Structure formats: C-alpha cells, structure tokens
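Visitor: The structure that follows is given in the form of structure tokens.
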Amino acid sequence: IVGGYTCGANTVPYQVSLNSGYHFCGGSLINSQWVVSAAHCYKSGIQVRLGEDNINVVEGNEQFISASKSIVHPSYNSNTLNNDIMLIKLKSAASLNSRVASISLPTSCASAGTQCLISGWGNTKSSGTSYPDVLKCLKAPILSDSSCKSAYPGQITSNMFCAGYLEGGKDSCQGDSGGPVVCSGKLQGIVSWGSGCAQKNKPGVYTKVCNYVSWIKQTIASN
Ligand SMILES: N[C@@H](C(=O)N1CCC[C@H]1C(=O)NCc1ccncc1)C(c1ccccc1)c1ccccc1
Ligand SMILES: [Ca+2]
C-alpha cells in the first residue's frame with residue numbers, strides 16, 4: 001500500500017496473509033473454512049495466516065492453517081487478468097473471534113464514489129521498494145467506469161473496477177495482490193493489477209467480486 005496508514009492491529013480481522021516461506025499475497029476470510037484471493041496469487045504450498053498484524057513476529061492472535069485445496073476461477077485468463085479470483089479451502093476451520101472474523105459477500109455491486117478500505121503488506125513506495133511488517137490501510141473511492149477505461153484503454157472488462165486517485169500517490173502495490181477491497185461491510189474487490197503503483201492516471205484495478213457470488217456460493221457448497 002502506497003500513501004496509506006498503519007491500520008492498527010487486528011482492526012481488519014478478515015485480512016489474511018498467504019505464506020509460502022514468506023508473505024506473497026493477501027486474501028479475505030469469507031467463512032471459517034474459505035479464503036478469497038486473486039487467481040494470479042495461485043501457487044502450491046500455501047499456508048493461510050489469520051489474525052496477523054506484524055507478519056514477522058508471533059504476537060499471540062495468529063492462526064496458521066494450511067490450504068487443503070485451491071480453486072482458480074475456471075475462466076481466469078492470466079494474460080488479460082479477466083476473472084482474477086481464486087478460492088482457498090482451509091485444512092481445518094478457523095476459530096472465529098474478535099481478531100479473526102469473516103467478511104460478508106456482496107449482494108449488490110458497489111457504486112462509483114463509494115469509499116472503500118484496501119489493505120495489505122505490499123510495497124509502500126511508488127518508486128523503489130520497502131515492505132512493511134504491520135498491516136497497511138488505504139481509504140479509496142471507486143472510480144467511474146469511464147475514468148477507469150480512459151486510464152486503461154482496451155483493458156477493463158465488466159469484471160474489473162478502478163479505485164483510488166487519478167492524481168496518484170495513493171494505491172495498492174506488489175504484495176497487496178489478492179487482498180480485500182471492502183465497502184459498506186462487504187467484500188467488493190480483490191487487489192488485482194495496475195500500471196505501476198500510485199502513478200498519475202493509473203489507479204489500481206480490482207476484481208469485481210459481486211459478479212462471482214454465485215460461483216463462490218456453489219463452489220463452497222460442494223467442496
Ligand atoms: N503491474 C503488474 C501487476 O499488477 N502485477 C504483477 C504480478 C502481481 C501484480 C500486482 O502487483 N498486483 C498488485 C497491484 C499492482 C499495481 N497496482 C495495484 C495493485 C502487471 C502484471 C499483472 C499480472 C501479471 C503480469 C504483469 C503489469 C502490467 C503491465 C506491464 C507490466 C506489468
Ligand atoms: Ca504475527
């Protein structure tokens with residue numbers, strides 16, 4: 001997260017860190033057994049880390065649970081990033097508490113202008129590289145479809161939305177991938193892609209979760 005702020009420990013209790021020897025992506029806990037992340041975060045050997053603030057120190061509220069199965073969306077295209085969503089099944093159910101909590105799925109899509117919370121342990125620099133230990137947060141509005149398409153001509157599908165700031169300076173970045181965009185208490189986006197981080201006229205692009213709720217619900221009913 002570039003240009004954001006320290007969230008505060010466990011104030012984003014649905015935020016998970018995906019670990020394969022090191023943090024590599026975020027995700028969102030949607031019930032005690034399932035995490036939503038980005039398809040471009042797929043790899044084998046995932047451990048889901050819940051209840052995290054400082055990802056380099058055991059602070060006492062963590063739950064570390066291996067994935068038993070990952071399911072990349074059947075229609076994910078790794079070239080256009082259309083359908084950039086993946087479900088991860090935990091080997092055992094998380095114990096839900098004030099520091100480890102699920103985020104609701106949307107029933108309606110969010111609207112342009114709605115202010116959302118984006119969070120993660122990704123790079124905090126727009127040029128250069130610095131990775132934080134504690135969770136970072138950014139308040140960002142959803143942008144109009146027309147401004148999003150003007151920023152990324154030919155590349156925005158109906159399964160994507162832009163959020164952030166056309167002036168730059170505030171954005172998600174590498175390592176935030178797969179994490180949440182929450183608006184009015186619902187998971188409306190997944191950190192997906194952009195042209196650099198926090199660059200002028202290049203806001204972040206997010207997977208539009210409301211288009212995937214039927215697939216999520218049917219998949220978790222059968223796995
Ligand atoms: N900029 C790259 C990106 O978003 N990549 C690389 C893999 C991870 C993800 C990421 O950091 N997502 C998080 C993010 C990035 C930028 N703003 C907001 C959030 C993109 C690309 C996407 C997926 C696969 C390959 C490349 C890219 C686009 C054009 C030129 C080069 C790279
Ligand atoms: Ca920790």
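Each residue's number is its place along the chain shown, starting with 1.
Cβ coordinates are placed from backbone N, Cα and C, and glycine is handled just like the others.
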Visitor: Disulfide partner of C197 per Swiss-Prot: which of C162, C173, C183?
Guide: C173
Visitor: Could you tell me which of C41, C109, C116, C137 is bonded to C7 by a disulfide, according to Swiss-Prot?
Guide: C137
Visitor: State the disulphide partner of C25 as given in Swiss-Prot, choosing from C41, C109.
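Guide: Its disulfide partner, as Swiss-Prot records it, is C41.
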Visitor: In Swiss-Prot, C116 sits in a disulfide bond; tell me which of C162, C183 is on the other end.
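Guide: Answer per Swiss-Prot: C183.
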Visitor: In angstrom units, rounded to an integer, how far apart are the Cα atoms of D84 (active site, charge relay system) and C183 (disulfide bond)?
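Guide: Taking the Cα atoms only, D84 (active site, charge relay system) lies 19 Å from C183 (disulfide bond).
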Visitor: Just checking: which of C25, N54, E62, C173, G175, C183 have a Cα that is within 10 Å of the Cα of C137 (disulfide bond), counting only these recorded positions?
Guide: none
Visitor: Excluding near sequence neighbours, so keeping only residues 6 or more apart in the same chain, what lies with its CB under 8 A of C210 (disulfide bond)?
Guide: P106, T107, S108, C109, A110, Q188
